[PDB]
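Quick notes on the structure that follows.
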Amino acid sequence: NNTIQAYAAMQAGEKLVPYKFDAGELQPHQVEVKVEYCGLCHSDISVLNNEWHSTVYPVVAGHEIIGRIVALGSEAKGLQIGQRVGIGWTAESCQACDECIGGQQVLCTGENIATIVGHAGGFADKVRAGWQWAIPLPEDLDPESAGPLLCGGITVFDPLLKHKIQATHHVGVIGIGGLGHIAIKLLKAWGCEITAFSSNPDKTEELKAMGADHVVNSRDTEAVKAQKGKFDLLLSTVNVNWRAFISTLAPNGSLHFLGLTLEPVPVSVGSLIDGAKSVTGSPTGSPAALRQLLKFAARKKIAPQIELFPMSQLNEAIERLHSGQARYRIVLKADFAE
Ligand SMILES: [Zn+2]
Ligand SMILES: [Zn+2]
């Protein structure tokens, strides 16, 4: 009665394979969700490949989950069976440390668990998480495209909150894959002036229609230099000239890293000192911000353009992600036998 059908990597770099496991008894602090959709992004690939030397094999990935509650632990508050919720990067936190009790559960300094790190995620017919991390969806939010908001969306949304970004500010976005695409739509709803840095000069018309006010060839060194002093906030999605880009920050501006790149970034202290600039990063959101983002997306239409695959075609979906051709986020539709 606790069997979960899933897709797992048995070792690093393998094709994902059909995998059944015994989830054990649902614990009082947990909820169980029947998966409807699950987004796919490069953080899944990184865990599948043990890039961060934290993967427990077999690993069931998937951390952009939309589904409905099918079971509640006795400690769950505010939820009901049948309710549509989202589950993102974080599955459990301790609820009692200073960070958790003060509403920063993503910064938990006690025991905490990420959805796909030593835990089974959303590439499955059911998934479990702590009740505070099952984020209620507005009834009017399209479930098919909402999954990516729990990862790509929140990693852009949280720096907007933290840096108190307003419509008057000018924000730059470095690299426009699926993550840069979500950033542009969110920033357009925010009212900001938007510059997109792209190495593909052919995409200039599509980026502008996406909401970008300006498009800069990130390969042109002189063109990046010509952006000196413009940005209150610079959002990097990349994975590879940081002096040149720090120069494009306005006074008091921030360079903010979204995804976990492992390559160290050499920072000249003088470049931070002279303009009172900062380098920062932020995790994948606490429950209050996740709730706020879903509410905002129901009002503004920030959801990404998605390509939908059946979950039974996960390996094909992973190949599509790797091709770079996805426009713009890949989502799996759960299609397990009932
Ligand atoms: Zn993701
Ligand atoms: Zn905690």
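Just remember, in the structure tokens the first chain shown is A, the second B, etc., residues are 1-based per chain, and ligands are 1-based in the order shown.
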Find the nearest atom pair between each residue of chain A and ligand 1 for residues within 7 Å, count only C-alpha atoms and all ligand atoms, give distances in Å to one decimal, sort rows by chain and ascending number, and present the table as a Markdown table.
| residue | atom | partner | partner_atom_place_in_ligand_line | distance |
| --- | --- | --- | --- | --- |
| A:39 | CA | ligand 1 | 1 (Zn) | 6.8 |
| A:40 | CA | ligand 1 | 1 (Zn) | 6.0 |
| A:41 | CA | ligand 1 | 1 (Zn) | 4.3 |
| A:42 | CA | ligand 1 | 1 (Zn) | 6.5 |
| A:43 | CA | ligand 1 | 1 (Zn) | 5.6 |
| A:44 | CA | ligand 1 | 1 (Zn) | 6.7 |
| A:63 | CA | ligand 1 | 1 (Zn) | 6.2 |
| A:64 | CA | ligand 1 | 1 (Zn) | 6.0 |
| A:148 | CA | ligand 1 | 1 (Zn) | 6.5 |
| A:151 | CA | ligand 1 | 1 (Zn) | 4.6 |
| A:152 | CA | ligand 1 | 1 (Zn) | 5.9 |
For the selection just defined, write its residues with C-alpha atoms to a file, as a short mmCIF file (atom, residue, chain, number, x, y, z; two decimals), in the first residue's frame.
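Final output, saved to result38.cif:
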data_model
loop_
_atom_site.label_atom_id
_atom_site.label_comp_id
_atom_site.auth_asym_id
_atom_site.auth_seq_id
_atom_site.Cartn_x
_atom_site.Cartn_y
_atom_site.Cartn_z
CA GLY A 39 9.14 19.97 -14.69
CA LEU A 40 12.60 18.97 -15.82
CA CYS A 41 15.66 21.19 -15.47
CA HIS A 42 19.44 20.96 -15.36
CA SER A 43 19.52 20.56 -11.57
CA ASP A 44 17.89 17.16 -12.11
CA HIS A 63 11.58 18.68 -8.10
CA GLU A 64 9.09 20.89 -10.03
CA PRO A 148 8.66 25.30 -13.41
CA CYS A 151 12.24 26.15 -9.36
CA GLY A 152 13.04 28.60 -12.13
#
Within 8 Å of ligand 2, which residues of chain A show up? Give each one with its shortest atom-to-atom distance in Å (one decimal) and the two atoms involved, counting only C-alpha atoms and all ligand atoms, rows by chain then rising residue number, as JSON lines.
{"residue": "A:93", "atom": "CA", "partner": "ligand 2", "partner_atom_place_in_ligand_line": "1 (Zn)", "distance": 5.2}
{"residue": "A:94", "atom": "CA", "partner": "ligand 2", "partner_atom_place_in_ligand_line": "1 (Zn)", "distance": 3.9}
{"residue": "A:95", "atom": "CA", "partner": "ligand 2", "partner_atom_place_in_ligand_line": "1 (Zn)", "distance": 4.9}
{"residue": "A:96", "atom": "CA", "partner": "ligand 2", "partner_atom_place_in_ligand_line": "1 (Zn)", "distance": 5.3}
{"residue": "A:97", "atom": "CA", "partner": "ligand 2", "partner_atom_place_in_ligand_line": "1 (Zn)", "distance": 4.2}
{"residue": "A:98", "atom": "CA", "partner": "ligand 2", "partner_atom_place_in_ligand_line": "1 (Zn)", "distance": 6.9}
{"residue": "A:99", "atom": "CA", "partner": "ligand 2", "partner_atom_place_in_ligand_line": "1 (Zn)", "distance": 5.9}
{"residue": "A:100", "atom": "CA", "partner": "ligand 2", "partner_atom_place_in_ligand_line": "1 (Zn)", "distance": 4.4}
{"residue": "A:101", "atom": "CA", "partner": "ligand 2", "partner_atom_place_in_ligand_line": "1 (Zn)", "distance": 7.3}
{"residue": "A:105", "atom": "CA", "partner": "ligand 2", "partner_atom_place_in_ligand_line": "1 (Zn)", "distance": 5.9}
{"residue": "A:107", "atom": "CA", "partner": "ligand 2", "partner_atom_place_in_ligand_line": "1 (Zn)", "distance": 7.3}
{"residue": "A:108", "atom": "CA", "partner": "ligand 2", "partner_atom_place_in_ligand_line": "1 (Zn)", "distance": 3.7}
{"residue": "A:109", "atom": "CA", "partner": "ligand 2", "partner_atom_place_in_ligand_line": "1 (Zn)", "distance": 5.2}
{"residue": "A:110", "atom": "CA", "partner": "ligand 2", "partner_atom_place_in_ligand_line": "1 (Zn)", "distance": 4.5}
{"residue": "A:111", "atom": "CA", "partner": "ligand 2", "partner_atom_place_in_ligand_line": "1 (Zn)", "distance": 6.4}
{"residue": "A:112", "atom": "CA", "partner": "ligand 2", "partner_atom_place_in_ligand_line": "1 (Zn)", "distance": 6.8}
How would the residues just picked look written out with N, CA, C and O atoms as a short mmCIF file (atom, residue, chain, number, x, y, z; two decimals), in the first residue's frame?
data_model
loop_
_atom_site.label_atom_id
_atom_site.label_comp_id
_atom_site.auth_asym_id
_atom_site.auth_seq_id
_atom_site.Cartn_x
_atom_site.Cartn_y
_atom_site.Cartn_z
N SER A 93 11.95 20.29 6.45
CA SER A 93 12.86 21.01 7.33
C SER A 93 12.39 20.83 8.77
O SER A 93 11.30 20.29 9.02
N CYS A 94 13.21 21.27 9.72
CA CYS A 94 13.04 20.81 11.10
C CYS A 94 11.88 21.48 11.84
O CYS A 94 11.44 20.95 12.87
N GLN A 95 11.41 22.64 11.37
CA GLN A 95 10.30 23.42 11.93
C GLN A 95 10.61 24.12 13.26
O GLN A 95 9.80 24.94 13.71
N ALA A 96 11.76 23.84 13.87
CA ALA A 96 12.01 24.32 15.23
C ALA A 96 13.24 25.20 15.38
O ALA A 96 13.36 25.87 16.42
N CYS A 97 14.17 25.23 14.42
CA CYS A 97 15.33 26.10 14.56
C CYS A 97 14.90 27.56 14.40
O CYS A 97 13.77 27.86 14.00
N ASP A 98 15.82 28.47 14.73
CA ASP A 98 15.52 29.91 14.62
C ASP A 98 15.13 30.28 13.20
O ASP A 98 14.21 31.08 12.99
N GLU A 99 15.83 29.73 12.22
CA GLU A 99 15.50 30.03 10.83
C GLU A 99 14.09 29.57 10.49
O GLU A 99 13.30 30.31 9.89
N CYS A 100 13.75 28.33 10.86
CA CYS A 100 12.44 27.78 10.50
C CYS A 100 11.33 28.53 11.20
O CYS A 100 10.31 28.86 10.59
N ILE A 101 11.51 28.79 12.50
CA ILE A 101 10.44 29.40 13.29
C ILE A 101 10.23 30.84 12.85
O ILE A 101 9.13 31.39 13.02
N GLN A 105 12.53 28.80 6.33
CA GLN A 105 12.72 27.35 6.36
C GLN A 105 13.74 26.88 5.32
O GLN A 105 14.36 25.83 5.50
N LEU A 107 16.51 28.15 4.85
CA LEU A 107 17.81 28.33 5.50
C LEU A 107 17.93 27.51 6.78
O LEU A 107 18.79 27.79 7.62
N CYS A 108 17.09 26.48 6.93
CA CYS A 108 17.05 25.64 8.12
C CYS A 108 18.45 25.20 8.53
O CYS A 108 19.24 24.73 7.71
N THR A 109 18.77 25.39 9.81
CA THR A 109 20.05 24.97 10.36
C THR A 109 19.95 23.66 11.14
O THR A 109 20.95 23.23 11.73
N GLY A 110 18.79 23.04 11.17
CA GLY A 110 18.58 21.70 11.71
C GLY A 110 18.53 20.67 10.61
O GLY A 110 19.09 20.86 9.52
N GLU A 111 17.84 19.56 10.87
CA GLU A 111 17.71 18.52 9.86
C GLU A 111 16.76 18.96 8.76
O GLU A 111 15.64 19.40 9.02
N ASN A 112 17.21 18.85 7.51
CA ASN A 112 16.36 19.22 6.39
C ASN A 112 16.68 18.31 5.22
O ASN A 112 17.75 17.69 5.16
#
Residue set, region 171-252 of chain A restricted to alpha helix (DSSP H), as an MDAnalysis selection string = chainID A and resid 178:190 204:210 221:225 242:247
Counting only C-alpha atoms, which residues of region 158-258 of chain A sit at most 12 Å from some atom of region 280-291 of chain A, and what is each one's closest atom pair with its distance in Å to one decimal, listed by chain and rising residue number, as JSON lines?
{"residue": "A:158", "atom": "CA", "partner": "A:285", "partner_atom": "CA", "distance": 6.4}
{"residue": "A:159", "atom": "CA", "partner": "A:282", "partner_atom": "CA", "distance": 7.0}
{"residue": "A:160", "atom": "CA", "partner": "A:282", "partner_atom": "CA", "distance": 10.7}
{"residue": "A:161", "atom": "CA", "partner": "A:289", "partner_atom": "CA", "distance": 8.5}
{"residue": "A:162", "atom": "CA", "partner": "A:282", "partner_atom": "CA", "distance": 9.0}
{"residue": "A:163", "atom": "CA", "partner": "A:280", "partner_atom": "CA", "distance": 10.3}
{"residue": "A:233", "atom": "CA", "partner": "A:280", "partner_atom": "CA", "distance": 10.5}
{"residue": "A:234", "atom": "CA", "partner": "A:280", "partner_atom": "CA", "distance": 10.3}
{"residue": "A:235", "atom": "CA", "partner": "A:281", "partner_atom": "CA", "distance": 9.6}
{"residue": "A:236", "atom": "CA", "partner": "A:281", "partner_atom": "CA", "distance": 9.8}
{"residue": "A:237", "atom": "CA", "partner": "A:281", "partner_atom": "CA", "distance": 11.3}
{"residue": "A:253", "atom": "CA", "partner": "A:280", "partner_atom": "CA", "distance": 10.7}
{"residue": "A:254", "atom": "CA", "partner": "A:280", "partner_atom": "CA", "distance": 7.1}
{"residue": "A:255", "atom": "CA", "partner": "A:280", "partner_atom": "CA", "distance": 6.3}
{"residue": "A:256", "atom": "CA", "partner": "A:280", "partner_atom": "CA", "distance": 4.9}
{"residue": "A:257", "atom": "CA", "partner": "A:281", "partner_atom": "CA", "distance": 4.8}
{"residue": "A:258", "atom": "CA", "partner": "A:281", "partner_atom": "CA", "distance": 6.3}
Writing out the chosen residues with C-alpha atoms as a compact mmCIF listing (two decimals), in the first residue's frame:
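Produced file selection.txt, reproduced below:
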# COMPACT_ATOMS: atom_id res chain seq x y z
CA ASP A 158 13.36 35.62 -4.37
CA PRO A 159 16.15 38.04 -5.40
CA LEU A 160 13.47 40.50 -6.52
CA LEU A 161 12.04 40.34 -2.98
CA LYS A 162 15.41 40.33 -1.20
CA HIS A 163 16.90 43.24 -3.15
CA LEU A 233 20.54 43.84 -10.50
CA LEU A 234 22.28 41.38 -12.79
CA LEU A 235 20.92 37.83 -12.87
CA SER A 236 23.36 35.17 -14.09
CA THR A 237 22.06 31.83 -15.38
CA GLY A 253 23.99 47.14 -7.74
CA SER A 254 24.18 43.38 -7.17
CA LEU A 255 25.44 40.46 -9.24
CA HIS A 256 23.15 37.59 -8.26
CA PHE A 257 23.88 33.96 -9.14
CA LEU A 258 20.84 31.76 -9.78
Nearby residues (only C-alpha atoms) at most 8 Å from region 177-179 of chain A, same-chain spacing under 6 positions excluded, as a list in words = residues 152, 153, 237, 304, 324, 326, 327, 328 and 329 of chain A
Could you turn the residues from that selection into a file that holds N, CA, C and O atoms, as a CSV table (one decimal), in the first residue's frame?
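Generated file (selection35.csv):
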chain,number,residue,atom,x,y,z
A,152,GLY,N,12.6,27.4,-11.4
A,152,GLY,CA,13.0,28.6,-12.1
A,152,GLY,C,12.4,29.9,-11.6
A,152,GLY,O,13.0,30.9,-11.4
A,153,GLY,N,11.1,29.8,-11.4
A,153,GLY,CA,10.4,31.0,-11.0
A,153,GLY,C,10.8,31.5,-9.7
A,153,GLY,O,11.1,32.7,-9.5
A,237,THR,N,22.5,33.2,-15.2
A,237,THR,CA,22.1,31.8,-15.4
A,237,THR,C,23.2,30.9,-15.9
A,237,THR,O,22.9,29.7,-16.1
A,304,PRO,N,6.0,29.9,-17.9
A,304,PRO,CA,6.8,29.7,-19.1
A,304,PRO,C,6.1,29.0,-20.2
A,304,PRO,O,5.2,28.2,-20.0
A,324,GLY,N,19.5,21.9,-26.2
A,324,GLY,CA,19.4,23.3,-26.2
A,324,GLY,C,18.2,23.9,-26.9
A,324,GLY,O,18.0,25.1,-26.9
A,326,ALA,N,14.9,23.4,-26.5
A,326,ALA,CA,13.6,23.5,-25.9
A,326,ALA,C,13.1,25.0,-25.7
A,326,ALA,O,13.9,25.8,-25.5
A,327,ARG,N,11.8,25.2,-25.9
A,327,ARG,CA,11.3,26.5,-25.9
A,327,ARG,C,10.0,26.4,-24.9
A,327,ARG,O,8.9,26.2,-25.4
A,328,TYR,N,10.2,26.6,-23.6
A,328,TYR,CA,11.5,26.9,-23.0
A,328,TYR,C,11.8,26.0,-21.9
A,328,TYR,O,13.0,25.8,-21.5
A,329,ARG,N,10.8,25.5,-21.2
A,329,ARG,CA,10.9,24.5,-20.2
A,329,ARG,C,10.2,23.2,-20.5
A,329,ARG,O,9.1,23.2,-21.2
Hey, which bits of region 249-323 of chain A sit within 10 Å of region 19-38 of chain A, and for each residue what's the closest pair of atoms and how far apart in Å (one decimal), counting only C-alpha atoms, rows by chain and increasing number, as a tab-separated table?
residue	atom	partner	partner_atom	distance
A:308	CA	A:37	CA	9.2
A:309	CA	A:37	CA	9.7
A:310	CA	A:37	CA	9.2
A:311	CA	A:38	CA	8.5
query = Which residues come within 7 Å of residue 303 (chain A), counting only C-alpha atoms, excluding same-chain residues fewer than 5 positions away, as a ChimeraX atom specification?
reply = /A:145-146,149,297
inquiry  = With DSSP run on the backbone, what are the strand (DSSP E or B) residues within region 161-275 of chain A? I'd like them as a PyMOL selection string.
reply    = chain A and resi 170-174+193-198+214-217+231-236+249-257
Deliver the residues from the most recent selection as a file, using C-alpha atoms, as a PDB file, in the first residue's frame.
ATOM      1  CA  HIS A 170      16.986  48.208 -14.593  1.00  0.00           C
ATOM      2  CA  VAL A 171      17.706  44.461 -14.406  1.00  0.00           C
ATOM      3  CA  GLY A 172      20.072  42.509 -16.639  1.00  0.00           C
ATOM      4  CA  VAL A 173      19.690  38.809 -17.455  1.00  0.00           C
ATOM      5  CA  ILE A 174      22.763  36.837 -18.566  1.00  0.00           C
ATOM      6  CA  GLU A 193      13.527  47.909 -17.513  1.00  0.00           C
ATOM      7  CA  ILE A 194      15.082  44.724 -18.902  1.00  0.00           C
ATOM      8  CA  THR A 195      18.331  43.973 -20.725  1.00  0.00           C
ATOM      9  CA  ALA A 196      18.970  40.439 -21.995  1.00  0.00           C
ATOM     10  CA  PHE A 197      22.523  39.273 -22.737  1.00  0.00           C
ATOM     11  CA  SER A 198      22.527  36.638 -25.485  1.00  0.00           C
ATOM     12  CA  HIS A 214      17.391  45.798 -24.805  1.00  0.00           C
ATOM     13  CA  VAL A 215      19.438  42.893 -26.158  1.00  0.00           C
ATOM     14  CA  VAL A 216      23.238  42.837 -25.942  1.00  0.00           C
ATOM     15  CA  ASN A 217      25.621  40.418 -27.650  1.00  0.00           C
ATOM     16  CA  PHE A 231      22.010  47.579 -13.838  1.00  0.00           C
ATOM     17  CA  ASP A 232      20.619  47.619 -10.328  1.00  0.00           C
ATOM     18  CA  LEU A 233      20.538  43.838 -10.498  1.00  0.00           C
ATOM     19  CA  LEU A 234      22.281  41.379 -12.792  1.00  0.00           C
ATOM     20  CA  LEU A 235      20.925  37.825 -12.874  1.00  0.00           C
ATOM     21  CA  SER A 236      23.355  35.171 -14.094  1.00  0.00           C
ATOM     22  CA  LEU A 249      26.304  47.246 -12.326  1.00  0.00           C
ATOM     23  CA  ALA A 250      25.029  50.639 -11.256  1.00  0.00           C
ATOM     24  CA  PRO A 251      26.173  51.995  -7.871  1.00  0.00           C
ATOM     25  CA  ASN A 252      24.788  49.763  -5.098  1.00  0.00           C
ATOM     26  CA  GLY A 253      23.987  47.137  -7.739  1.00  0.00           C
ATOM     27  CA  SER A 254      24.182  43.381  -7.172  1.00  0.00           C
ATOM     28  CA  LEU A 255      25.437  40.462  -9.244  1.00  0.00           C
ATOM     29  CA  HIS A 256      23.150  37.586  -8.257  1.00  0.00           C
ATOM     30  CA  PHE A 257      23.876  33.962  -9.145  1.00  0.00           C
TER      31      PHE A 257
END
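Across the model, the gap from CA of residue 221 (chain A) to CA of residue 175 (chain A) is 15.1 Å.
CA of residue 126 (chain A) is found 12.6 Å from CA of residue 333 (chain A).
From CA of residue 75 (chain A) back to CA of residue 92 (chain A), the distance works out to 13.4 Å.
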key: For residue 124 (chain A): contacts at 8 Å, only C-alpha atoms, fewer than 2 positions along chain excluded, given as a ChimeraX atom specification   = /A:4-7,35,60,121-122,126-127,334
Store the residues of this selection in a file with C-alpha atoms, as a PDB file, in the first residue's frame.
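File result.pdb, as written:
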ATOM      1  CA  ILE A   4       5.624   4.046  -5.533  1.00  0.00           C
ATOM      2  CA  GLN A   5       6.236   3.551  -9.257  1.00  0.00           C
ATOM      3  CA  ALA A   6       9.035   5.811 -10.443  1.00  0.00           C
ATOM      4  CA  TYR A   7      11.907   6.390 -12.863  1.00  0.00           C
ATOM      5  CA  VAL A  35       1.804  13.594  -9.328  1.00  0.00           C
ATOM      6  CA  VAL A  60      14.302   9.401  -8.311  1.00  0.00           C
ATOM      7  CA  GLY A 121      11.154  13.180  -6.123  1.00  0.00           C
ATOM      8  CA  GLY A 122       8.467  13.787  -8.717  1.00  0.00           C
ATOM      9  CA  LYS A 126       3.350   9.672  -5.984  1.00  0.00           C
ATOM     10  CA  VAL A 127       5.710  11.876  -3.988  1.00  0.00           C
ATOM     11  CA  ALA A 334       2.426  11.604 -15.259  1.00  0.00           C
TER      12      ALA A 334
END
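Of the listed residues (A:212, A:45, A:293, A:71), A:293 comes nearest to residue 157 (chain A); the distances count only C-alpha atoms.
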query = Quick one: of A:73, A:211, A:191, A:275, who's nearest to residue 229 (chain A), counting only C-alpha atoms?
reply = A:275
ask   = Skipping near chain neighbours, those fewer than 3 positions away, what residues fall within 12 Å of residue 51 (chain A) using only C-alpha atoms, listed as a list in words?
value = residues 12, 13, 42, 43, 44, 45, 46, 47, 48, 54, 55, 56, 117, 260, 261 and 262 of chain A
